[PDB]
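> sharing an experimental structure here, sequence included.
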Amino acid sequence: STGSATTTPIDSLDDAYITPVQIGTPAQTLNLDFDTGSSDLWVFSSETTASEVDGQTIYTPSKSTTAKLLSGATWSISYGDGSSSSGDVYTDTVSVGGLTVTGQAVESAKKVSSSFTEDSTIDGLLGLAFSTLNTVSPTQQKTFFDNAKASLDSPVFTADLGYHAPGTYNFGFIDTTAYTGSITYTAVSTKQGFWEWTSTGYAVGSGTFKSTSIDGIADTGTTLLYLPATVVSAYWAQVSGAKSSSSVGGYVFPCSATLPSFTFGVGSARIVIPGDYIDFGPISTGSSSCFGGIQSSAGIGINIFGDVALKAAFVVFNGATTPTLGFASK
């Protein structure tokens, strides 16, 4: 089997991407944030505290004839940005772009933190990291990809995120028309439950490539590119007036600037992030200071190849017995 679904930016900045997901019988369609940095499929629901719902579409398991309460099961997750959610668990039928999993754990939120409430466009998350990170207790549950894997034509999914435009998540096949050149594959460590890999270096604009190992995660659920302070400093040094602002919480730059590209290495291959992808707009409405899309990972504890980086590529998440990651230009 295969599946293919369009993923759409939630706003004019590409802060995140939503993909429609069918849950239950009859189908209830929710728009979920596919997140390769976590491993829980959770949704706003009829069980969510009413004051914590503000515009989201909810899953109502009582209206699904295939929903079953997973007795005694609870979940609770906290994300790197400080947001959180928690609740109970059902199993139900879940389909993405034509690909169906029966018995999928659907984690129904009883509580969500303010940042989720305040974002009416995201109805929940669909985790695509490794199932070892799944928070369901006392019996850990598998991700949608893990459940689908054996039925897929090939045990892979691909992320093709758009810049200010729709893109595609495919399951079970590689669309050879979706990228240019070849896909370069690189090793993955699953030791921390992530799609963790090592970039071979970087360049800023038309500058020379610096060969250096940068270990980090391919994370569709993080907006920005988080890299070591030395690298980030080297980038923003090429932008006149750019500085790290303690009050804003990162590098900012004059909105009148033309940003240089940023290149990252994947083995001997090179992925070029155009400068425009690094512009995240005014820090506050009407400001002429703009927020940067490349930020320091210091004090995160890990480098994160988030959407800023991933959207410059066609990305293969290869879930073979020994997982690997593939990157192509597009």
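On my side now, so go ahead. Residues are numbered from 1 along each chain as shown.

> all the helices of the stretch 101-250 of the chain, residue numbers only.
Counting by DSSP state H, counting those that start in this stretch, the stretch 101-250 of the chain has these helices, from start to end: 114-117, 144-148, 229-236.

> mind telling me which residue is nearest the centre of this structure?
Centroid-nearest residue in the chain: residue 220, 1.8 Å away (criterion: C-alpha atoms, centre = their mean).

> show me the contacts for that one.
Shown in contact with residue 220 (C-beta atoms under 8 Å, 6 or more residues apart in numbering): 17, 34-37, 128, 159, 161, 306-307, 310. All C-beta atoms are positioned from the backbone trio N, CA, C, and that covers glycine.

> grab the nearest non-local neighbour of it.
Leaving aside its sequence neighbours, residue 220 sits nearest to residue 36 (C-beta to C-beta, 6 or more residues apart in numbering; 4.5 Å).

> what are the phi and psi values for that neighbour?
Main-chain torsions, residue 36, degrees, to the nearest 10: phi -80, psi 0.

> that one against residue 218, yeah?
Yes: at 5.9 Å, residue 36 counts as touching residue 218 under the criterion of C-beta atoms under 8 Å.

> quick one: residue 139 and residue 73 touch, right?
Yes: judged on C-beta under 8 Å, residue 139 makes contact with residue 73 at a distance of 6.3 Å.

> between the two, who's got more neighbours?
residue 73 (19 against 12; other C-beta atoms under 10 Å).

> A helix includes the more buried one, no?
No: checked against DSSP: H, G, I helix; E, B strand; the rest coil, residue 73 lies outside a helix; its state is strand.

> how about it, what does it touch?
By C-beta under 8 Å, 6+ apart, the contact list for residue 73 reads 88-89, 105, 136-139, 141.

> now swap in residue 203 and tell me
Contacts of residue 203 (C-beta under 8 Å, 6+ apart): 209-210, 262-263, 270.

> which of those lies closest to residue 27?
Taking C-beta to C-beta as the measure, residue 27 lies nearest residue 262 of these, at 40.8 Å.

> from residue 294, how far out is the closest one?
According to C-beta to C-beta, to the nearest Å, residue 262 stands 6 Å off from residue 294.

> find the residues that touch each one of those two.
225, 235, 278.

> buried subset of the residues you listed as a ChimeraX selection?
Buried members of these, defined by 16 or more other C-beta atoms under 10 Å, are picked up in ChimeraX with:
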select :225,235,278
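
> okay, the shared contacts of residue 262 and residue 294 in JSON lines with distance to residue 243 next?
Formatted as JSON lines, these follow (distance: C-beta to C-beta, whole Å):
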{"residue": "225", "distance to residue 243": "18"}
{"residue": "235", "distance to residue 243": "13"}
{"residue": "278", "distance to residue 243": "15"}
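
> and which of the shared contacts of residue 262 and residue 294 is nearest to residue 181?
Using C-beta to C-beta, the shared contacts of residue 262 and residue 294 come closest to residue 181 at residue 225, 21.6 Å.

> please enumerate the strands of the stretch 51-200 of the chain.
With DSSP state E, counting those that start in this stretch as the criterion, the stretch 51-200 of the chain has strands at 68-78, 84-96, 99-112, 124-127, 156-160, 167-171, 184-187, 196-204.

> quick one: buried residues of the third one?
Right, strand 99-112. Those would be 99, 101, 104-110, 112, for strand 99-112 by 16+ other C-beta under 10 Å.
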